[PDB]
Amino acid sequence: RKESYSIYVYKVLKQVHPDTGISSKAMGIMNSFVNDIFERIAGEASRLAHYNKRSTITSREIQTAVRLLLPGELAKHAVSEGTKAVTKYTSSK
Amino acid sequence: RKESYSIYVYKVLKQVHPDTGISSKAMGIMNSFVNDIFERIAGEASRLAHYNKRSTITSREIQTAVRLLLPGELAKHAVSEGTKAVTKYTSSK
Amino acid sequence: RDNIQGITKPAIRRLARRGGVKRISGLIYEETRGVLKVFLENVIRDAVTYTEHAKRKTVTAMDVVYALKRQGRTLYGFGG
Amino acid sequence: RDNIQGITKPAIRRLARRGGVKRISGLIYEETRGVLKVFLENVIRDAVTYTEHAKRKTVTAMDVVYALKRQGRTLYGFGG
Amino acid sequence: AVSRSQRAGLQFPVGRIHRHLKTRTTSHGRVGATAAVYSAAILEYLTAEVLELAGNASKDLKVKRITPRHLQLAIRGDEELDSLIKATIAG
Amino acid sequence: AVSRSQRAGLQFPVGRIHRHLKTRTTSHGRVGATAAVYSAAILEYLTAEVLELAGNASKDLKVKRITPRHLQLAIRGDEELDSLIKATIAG
Amino acid sequence: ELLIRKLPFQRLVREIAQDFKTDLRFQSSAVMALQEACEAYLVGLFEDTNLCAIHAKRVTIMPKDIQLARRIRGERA
Amino acid sequence: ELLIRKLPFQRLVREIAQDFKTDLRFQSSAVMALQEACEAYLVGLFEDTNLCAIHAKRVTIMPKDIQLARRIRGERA
DNA sequence: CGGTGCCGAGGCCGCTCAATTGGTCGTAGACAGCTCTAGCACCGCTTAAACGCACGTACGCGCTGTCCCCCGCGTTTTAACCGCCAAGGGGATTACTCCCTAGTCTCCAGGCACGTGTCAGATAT
DNA sequence: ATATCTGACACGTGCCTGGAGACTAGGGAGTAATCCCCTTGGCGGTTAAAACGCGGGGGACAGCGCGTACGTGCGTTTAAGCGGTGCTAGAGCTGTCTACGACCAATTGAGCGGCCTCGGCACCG
């Protein structure tokens, strides 16, 4: 078992492009890229936690990191989506 | 207590330049630089250990990392010094 | 109000002189202003993110140094 | 034996054409050889260090990709 | 008993993310579950945008399959996306 | 009972190094003591060379004190040392 | 010392932070170091600019030189 | 596809690894990806070269262009 | 015509918490020992692609020369710096709940690795 | 024009191990309280840097003049992707056991914090 997100890519793409197919090599490249950005996020948030002389990671800090790595309009909408999802999790069942 | 190497810099400098003084700001900049290269070494060796799908760090891997970060003649002499010190530690009391 | 104008022509002249080039024509003081503006934009966005992430409301040197490390332009002396 | 010579002139011509420039004079096939030699030197030193560090004796793709990540020229598709 | 990702109604598997982050804790990292949520949603949204751009490059190319050159010209079209991917593209 | 650094006859404090490395184990890093030895000797040697170059720039400058411009022109003299320090120098 | 008058730099730094969050304050030493760093960065940029201009067999500088430089390094801004 | 004949590249890669350690072998896919990457890198170098040459108001390329480029990016080789 | 004292140096001492082992103790990796499939040789080969020669041509160097765009230099002038002054409010720091990771277990169900029809490039009638 | 043809792409299906709570549970971290250090306001000199004008003058900057360094174009090798063929040896994998790191004592002393006189420049007096 060596994990992939291909299936979830498929699902969200169906959520936006229900009618589009995707070649396998393209899906694998997408998976490699998303893993890269993911580990970027991870390492950066770790740096952050260290940099406040703390030990624990919280959504606020993933937020910090993504704000750091993302430009402008994309940054704004990303922060918005993250906060909205955090709420729809917490202030919910 | 926020650690520094200034004293050890002093000692090794005496070992090579017994007759030379050094300003404080220069010593602090030296300390900052050495900490930077040190953490570079550390993070890189950690990457390495991960990259052989292992968990533990050993002198062989610090060796790998420094070889990676150092050019040519410096790399060769550095590897030599490291191996010699490792021996003078292990095959000794 | 003419904030970017603060960068004087003689400032950039003495700079380019310390920078190694001697004949700086004229049509760049504007352009220098622009490039410095962009660079400052990036670094200062990164700095202010670092700051407020600490739940604080002033900027510290460690913040800017972190920022410059992020851009691959690390500087020495303060926190590494 | 004329190993670096293997880079053909028409190879570099078709390259520069795929590279966007159309009139490549003549005195660079040598120079291309030199720069490619240096770049390969660096990347391959890094690759072989990675390899032998694994106590192995052949080079794998993961090795080169690690190398390119080290130079800040990461490529996609194989191990990230 | 609902899957946390299913709970918040998000498509990326929050547990797997939580694990992968647990792989880089530096011996003391505790994963604020909500941090996993935030990360998952971030990936989801940004990848949705990436796929939107690539799918437009395929529909305007009149192809129902995806190619490396599609995403190539895709990122070569947008500034921010080019910024995020500093890497060299395979093909 | 000898200090490990004193034991191998090396000047950098191997225990402190061991600790600093323990600060970045990723929850499972075990510090091969000899790895600490190797690292300490590496730092020692490379810094010896750096200081040699800077001290030559001071003696040829006829000054018994050290300045930022000393090391500035020092690294501006050697290729490898410039390579190792990608950073911008203060002053 | 440094080559830019401090108070103009303060005005500018405050404006630029301003568009990001109001009434933020700054360790004076931090703006000092920032001025130092950016000045050094612009110095380096001028150095490479002069290199390229010399390559252009002309000794004066023109914004084409700056644009080319910042396109070559990779800042692409 | 790619623009360099593979077997010449194999000869060269083996020579260059040779000066580092004898009788070493190579995942064929690894040399494939290496060729891909270095070719792309040289392509980028040519692109910036052409940029600079256009700045030089001349359309042909001369090793001065390559030297300047590799001095500007920072490879300083 | 002057020789000299804040500021960093290296002892130098006073306080004090990171090495130093010692087994323990548990375990990650050497490490022996398998059973395999991809890098070399190891051949000749079609073709495309690399020289090569010849053609054949034009562009990166002279010239055009000047003139206004930039550099030096007074000439105001005006704002950066000092100097002070304050103040207050926000890092900073500390002591106190408390919620909030995680561990184990349950436990099971969505992923995973199969298969499988169906039709998008691809070809010719 | 279009069936088709192949792979290769979405559905369908057992068979896992990674997720969903329970609750400890212990602890990192929010949070209240202080406090006092640095960052703004803010006022005028000021003088030293910045426009402004004004010569002035120089280098650039595209305008000409100019053939052999660089695309075609066969024309001619020729080496190189193909095609197996081997093949084996290094690389995948697994028991095991064993050397090797965490731990708390002692402890201490080498490593943080004052101070000090040593010396340097340096004109101001």
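Going by Swiss-Prot, the residues shown for chain A are 34-126, listed in order.
So how was this one determined? The header says electron microscopy, 4.4 Å.
The backbone N, Cα and C atoms fix where each Cβ goes, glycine too.
Listed features, source Swiss-Prot:
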CROSSLNK  A:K35  ubiquitin cross-link
CROSSLNK  A:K121  ubiquitin cross-link
CARBOHYD  A:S113  O-linked glycosylation site
MOD_RES   A:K35  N6-(2-hydroxyisobutyryl)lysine
MOD_RES   A:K44  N6-lactoyllysine
MOD_RES   A:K47  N6-methyllysine
MOD_RES   A:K47  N6-(2-hydroxyisobutyryl)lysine
MOD_RES   A:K86  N6-(2-hydroxyisobutyryl)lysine
MOD_RES   A:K109  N6-(2-hydroxyisobutyryl)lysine
MOD_RES   A:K109  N6-glutaryllysine
MOD_RES   A:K109  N6-methyllysine
MOD_RES   A:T116  phosphothreonine
MOD_RES   A:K117  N6-malonyllysine
MOD_RES   A:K121  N6-(beta-hydroxybutyryl)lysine
MOD_RES   A:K121  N6-succinyllysine
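Spatially, by CA atoms, the modified residues A:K44, A:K47, A:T116, A:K117 include one closest to A:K35 (ubiquitin cross-link), and that is A:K44. The Cβ of A:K121 (ubiquitin cross-link) has 15 neighbouring Cβ atoms from other residues within 10 Å, across all protein chains displayed.
Cβ neighbour density within 10 Å is lowest for A:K35 among the recorded positions A:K35, A:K44, A:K86. Checking the recorded positions A:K35, A:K44, A:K47, A:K86, A:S113, A:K121 against chain E with a Cβ-Cβ cut-off under 8 Å leaves A:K44, A:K121, in sequence order. Neighbour density for A:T116 (phosphothreonine): within 10 A of its CB lie 15 other CB atoms from the protein chains shown. In the three-state DSSP scheme, A:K35 (ubiquitin cross-link) falls into the coil class.
It is 12 Å from the Cα atom of A:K121 (ubiquitin cross-link) to that of A:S113 (O-linked glycosylation site). Put simply, of the recorded positions A:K44, A:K109, A:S113, A:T116, the one whose Cα is nearest the Cα of A:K86 (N6-(2-hydroxyisobutyryl)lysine) is A:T116.
Counting only the Cα atoms, the space from A:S113 (O-linked glycosylation site) to A:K47 (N6-methyllysine) is about 23 angstrom. Note: the Cα of A:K117 (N6-malonyllysine) and the Cα of A:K109 (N6-(2-hydroxyisobutyryl)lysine) are spaced 12 Å from each other.
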